[PDB]
Amino acid sequence: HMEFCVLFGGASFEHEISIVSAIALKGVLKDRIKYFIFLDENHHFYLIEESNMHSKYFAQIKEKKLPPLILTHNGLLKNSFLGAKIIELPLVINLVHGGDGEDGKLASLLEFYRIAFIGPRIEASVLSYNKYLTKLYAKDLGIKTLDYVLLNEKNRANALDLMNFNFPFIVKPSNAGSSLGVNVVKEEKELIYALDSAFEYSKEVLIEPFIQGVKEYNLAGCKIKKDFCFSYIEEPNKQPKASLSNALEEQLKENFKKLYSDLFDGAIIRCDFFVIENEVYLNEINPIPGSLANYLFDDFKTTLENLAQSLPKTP
Amino acid sequence: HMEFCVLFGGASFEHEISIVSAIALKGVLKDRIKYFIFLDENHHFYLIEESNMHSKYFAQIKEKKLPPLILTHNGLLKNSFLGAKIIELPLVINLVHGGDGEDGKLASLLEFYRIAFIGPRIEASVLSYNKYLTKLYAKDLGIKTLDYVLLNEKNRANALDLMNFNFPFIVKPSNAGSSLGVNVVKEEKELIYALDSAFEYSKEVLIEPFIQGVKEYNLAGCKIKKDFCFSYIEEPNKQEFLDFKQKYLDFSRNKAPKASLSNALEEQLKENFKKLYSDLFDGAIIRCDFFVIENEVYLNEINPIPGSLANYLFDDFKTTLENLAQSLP
């Protein structure tokens with residue numbers, strides 16, 4: 001069985017939920033995890049003892065003053081006059097949501113220093129992070145998505161002037177998770193606040209149509225060798241297992257697979273879909289879902305181990 | 001009076017060209033360049049004496065046994081008797097072509113470490129490094145490109161089957177730059193050679209129609225504040241330089257005028273450039289490479305770190321650089 005390393009924290013709007021994921025993965029992985037590496041907002045790495053990996057320790061994480069590590073080839077590094085002490089780290093699991101983990105910075109940085117990992121690489125991160133780019137990627141793959149307007153602080157007034165709006169619609173930043181800046185607009189006075197709130201998260205905002213009580217379906221999965229290993233379908237807002245045709249389930253899996261291509265190799269991704277007049281629409285790609293969507297897999301621990309092992313790793 | 005570091009080398013097929021780029025900019029910029037940072041194929045950072053910046057020294061570089069520095073917040077980590085000593089870097093000029101400068105990796109490292117730089121950020125790097133991604137980006141912007149077929153290894157044996165246009169073809173890696181692995185294919189005898197030779201440089205190959213008698217024009221430039229600062233138009237294959245017409249003339253012409261393209265065409269080249277460099281290349285000096293087919297402007301590619309930062313295409317490059325440096329937040 002593979003030894004692991006869990007990376008979490010990050011300079012991110014999803015910092016706090018990253019710690020939840022890593023704490024969740026502790027219950028799943030237990031002893032399989034050699035190291036717990038915390039990445040704080042100032043971009044310092046710290047080693048956390050397995051006994052300290054709980055909510056109480058992290059609320060008071062400042063006072064603690066841990067000794068900052070510096071990333072280097074094959075692992076982590078501590079300095080003194082005597083030289084550099086190198087902690088050689090095993091296959092790391094990127095559990096940093098948003099910010100550094102999903103925008104491509106960490107994929108680049110881990111890849112730079114030849115540290116093997118589970119998570120989206122640079123291209124996969126960039127395209128899944130920016131929703132506008134996700135739309136172009138999907139479009140090219142013949143996978144449907146909701147029509148949209150991409151706005152920025154510049155064209156803001158120009159594009160919305162002389163306009164008689166067709167309500168409702170949904171306003172969201174071009175690149176963020178957990179719905180941090182996402183508001184529904186039903187009337188024109190509701191618009192300013194929706195746009196201002198979404199611009200607090202991103203230079204660019206996406207306006208899409210709103211259709212309430214539409215079917216939402218989430219599928220997690222990864223590629224191991226030449227086959228795919230899927231999770232159960234989630235019905236995220238309902239209320240466990242989701243009720244679906246064999247044929248719908250199969251449409252979702254087909255879409256997932258086109259999306260994943262070779263881009264998302266080495267990652268456990270969840271694609272979120274809409275079903276409108278029973279057509280499948282791609283909502284988004286979460287290449288680092290909360291707790292790696294472990295609770296949606298029949299045998300997550302074995303799926304992980306199977307993926308880890310199929311990696312062409314080589315330090 | 002801004003100072004720069006020049007970062008060059010890298011794990012790139014264009015490693016040698018990057019060294020040439022840094023020697024050229026030494027020549028141009030001089031001792032504004034406070035530091036010269038070498039990155040080798042094994043990803044160690046070395047500091048190099050300005051006096052050692054030349055072909056002869058780099059021809060033997062692998063034996064000079066230099067002391068590797070480690071990148072960290074605000075610069076490079078050196079050790080002393082007092083422990084970690086930080087060498088703070090002035091604005092770095094990313095001159096690592098191709099692998100590691102143009103693929104998003106060094107952009108992420110410098111951003112991660114709060115190290116100010118001139119060059120493409122992460123999205124710009126990614127979107128301009130992968131020629132298939134550039135094709136998708138150009139399309140959404142309304143910019144013309146040649147049609148193509150994208151090939152994998154698990155799929156390359158089906159090449160002719162998937163082709164939706166005729167011979168002749170031009171075959172090229174998805175991401176290699178510097179005319180590396182590029183072959184013109186006239187007939188499917190030559191196709192197996194062109195393919196296995198470009199798959200030497202990438203997991204993906206792009207196939208395009210080869211079209212004869214196409215005008216090639218390259219345009220370099222950057223955004224400074226709310227204005228573009230353009231270079232001369234390069235014609236890579238004659239090696240002549242054509243510049244733009246001014247409607248706001250402040251001199252009387254006393255000689256036979258100089259060799260320019262039409263007002264319409266100069267305008268299109270600039271328009272394609274601006275919409276391409278949108279907000280995604282802010283902080284970079286890029287060269288877009290265009291084809292003109294029957295009067296139309298098509299994009300061949302975006303090069304966010306051109307060779308020698310395309311400095312010989314600018315009127316005053318030091319002033320252009322400096323003003324870009326100044327405008328950065």
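Per chain, numbering begins at 1; letters A, B, ... match sequence-line order.
- With A/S231 contributing its side chain and A/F297 its backbone, the two residues share no donor-acceptor pair below 3.5 Å.
- Classification of the A/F36-A/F8 ring pair by plane angle, with boundaries at 30° and 60°, yields perpendicular.
- For B/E153, the CD atom is densely surrounded, since the number of other residues' heavy atoms within 6.0 Å is greater than 12.
- A/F45 has its ring centre no less than 6.0 Å from the ring centre of A/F38.
- Considering only heavy atoms from C-beta on, B/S174 stays 4.5 Å or farther from B/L206 through its side chain.
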Q: Show your reasoning for whether side chain to side chain donor-acceptor pair (under 3.5 Å) applies to A/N286 and A/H97.
A: CA-CA 9 Å; A/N286 206 153; A/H97 315 293; 5.2 Å; no

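- Of the possible polar contacts, none joining the A/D161 side chain to the A/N158 backbone as a donor-acceptor pair under 3.5 Å is found.
- Contact record, A/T314 with A/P312: CG2-O, 3.0 Å, taken as the closest heavy-atom pair.
- Few gaps surround NZ on B/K274; more than 12 heavy atoms of other groups in view lie less than 6.0 Å from it.
- Under a cutoff of 6.0 Å and an axis angle of 45°, B/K223 and B/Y277 do not form a cation-pi pair.
- Within 6.0 Å of NZ in A/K64 there are more than 12 heavy atoms belonging to other residues, nucleotides or ligands.
- A side-chain contact (heavy atoms from CB on, under 4.5 Å) with A/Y46 is found for one member of A/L66, A/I37, A/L39 and no other, namely A/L66.
- Between A/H73 and A/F112, the two ring planes are tilted [angle within 30° to 60°].
- Remark: A/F169 engages A/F165, A/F167 in a ring-ring contact (aromatic ring centres under 6.0 Å, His included) (not counting sequence neighbours).
- Using a 4.5 Å heavy-atom threshold, the side chains of A/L133 and B/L127 count as touching.
- A/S310 places a side-chain N or O within donor-acceptor distance of the main-chain N or O of A/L307, the cut-off being under 3.5 Å.
- Side-chain atoms of A/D40 come within 3.5 Å of backbone atoms of A/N42 as a donor-acceptor pair (strictly under, hydrogens ignored).
- In this structure the side chain of A/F4 reaches within 4.5 angstrom of the side chain of A/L304, judged on heavy atoms.
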Q. Are A/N175 and A/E204 close enough, and set up right, to give a side chain to side chain donor-acceptor pair (under 3.5 Å), and what steps lead you there?
A. CA-CA 8 Å; A/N175 56 43; A/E204 298 174 319; 5.9 Å; no

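- Looking at A/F210 and A/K186, their side chains never come closer than 4.5 Å, going by heavy atoms from C-beta outward.
- By the side-chain hydrogen bond (donor to acceptor under 3.5 Å, both in side chains) test, A/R121 is found to be paired with no residue, residues two or more places apart in sequence or in another chain being considered.
- By the neighbour-count criterion of 12 heavy atoms within 6.0 Å, atom CG of A/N166 is sparsely surrounded, having that number or fewer from other residues, nucleotides or ligands.
- In this structure, the side chain of A/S21 engages the main chain of A/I17 through a donor-acceptor pair within 3.5 Å.
- You'll find the side chain of A/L282 reaches within 4.5 Å of the side chain of A/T134, heavy atoms only.
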Q: Apply the test side chain to side chain contact (heavy atoms under 4.5 Å, CB included) to residues A/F274 and A/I211: give CA-CA distance (whole Å), side-chain angles for both, the deciding distance (0.1 Å), then the verdict.
A: CA-CA 10 Å; A/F274 294 133; A/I211 330 163; over 6 Å; no

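- In terms of the salt bridge (charged side-chain N to carboxylate O under 4.0 Å, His left out) criterion, A/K139 has no residue partners (sequence neighbours excluded).
- Checked against salt bridge (charged side-chain N to carboxylate O under 4.0 Å, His left out), A/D196 has the following partners two or more places apart in sequence or in another chain: A/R156.
- When the shell of 6.0 Å around CD of A/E88 is examined, it contains 12 or fewer heavy atoms from other residues, nucleotides or ligands.
- With sequence neighbours excluded, the residues satisfying salt bridge (charged side-chain N to carboxylate O under 4.0 Å, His left out) with B/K135 are B/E208.
- Counting all heavy atoms, side chain and backbone alike, A/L95 lies closest to A/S18 at O-OG, 2.7 Å.
- Judged purely by atom type and a 3.5 angstrom limit, A/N294 uses its side chain to pair as donor or acceptor with the backbone of A/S291.
- Heavy-atom minimum distance, A/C229 versus A/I224: CB-CD1, 3.7 Å.
- Here A/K225 does not pair with A/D227 in a salt bridge; the nearest charged N to carboxylate O distance is not below 4.0 Å.
- In this structure, A/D147 places its CG atom where only 12 or fewer heavy-atom neighbours from other residues, nucleotides or ligands lie under 6.0 Å away.
- Annotation: ring-ring contact (aromatic ring centres under 6.0 Å, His included) contacts of B/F199 (sequence neighbours excluded): none.
- Residue A/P173 comes nearest to A/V182 through the heavy atom pair CD-CG2, 4.3 Å, listed as atom of the first residue, atom of the second, then distance.
- The two atoms that bring A/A198 and A/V171 nearest to each other are CB-CG1, 3.8 Å, heavy atoms only.
- Side-chain contact between A/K172 and A/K131 is present, with heavy atoms from C-beta onward closer than 4.5 Å.
- Put simply, the side chain of A/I93 reaches to within 4.5 Å of the side chain of A/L29, judged on heavy atoms.
- For A/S108 (side chain) and A/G104 (main-chain N/O), a donor-acceptor pair under 3.5 Å exists by modelled atom type.
- Side-chain atoms of B/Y137 come within 3.5 Å of backbone N or O of B/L276 as a donor-acceptor pair.
- Residues A/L7 and A/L110 are in side-chain contact: their nearest non-hydrogen atoms beyond the backbone lie under 4.5 Å apart.
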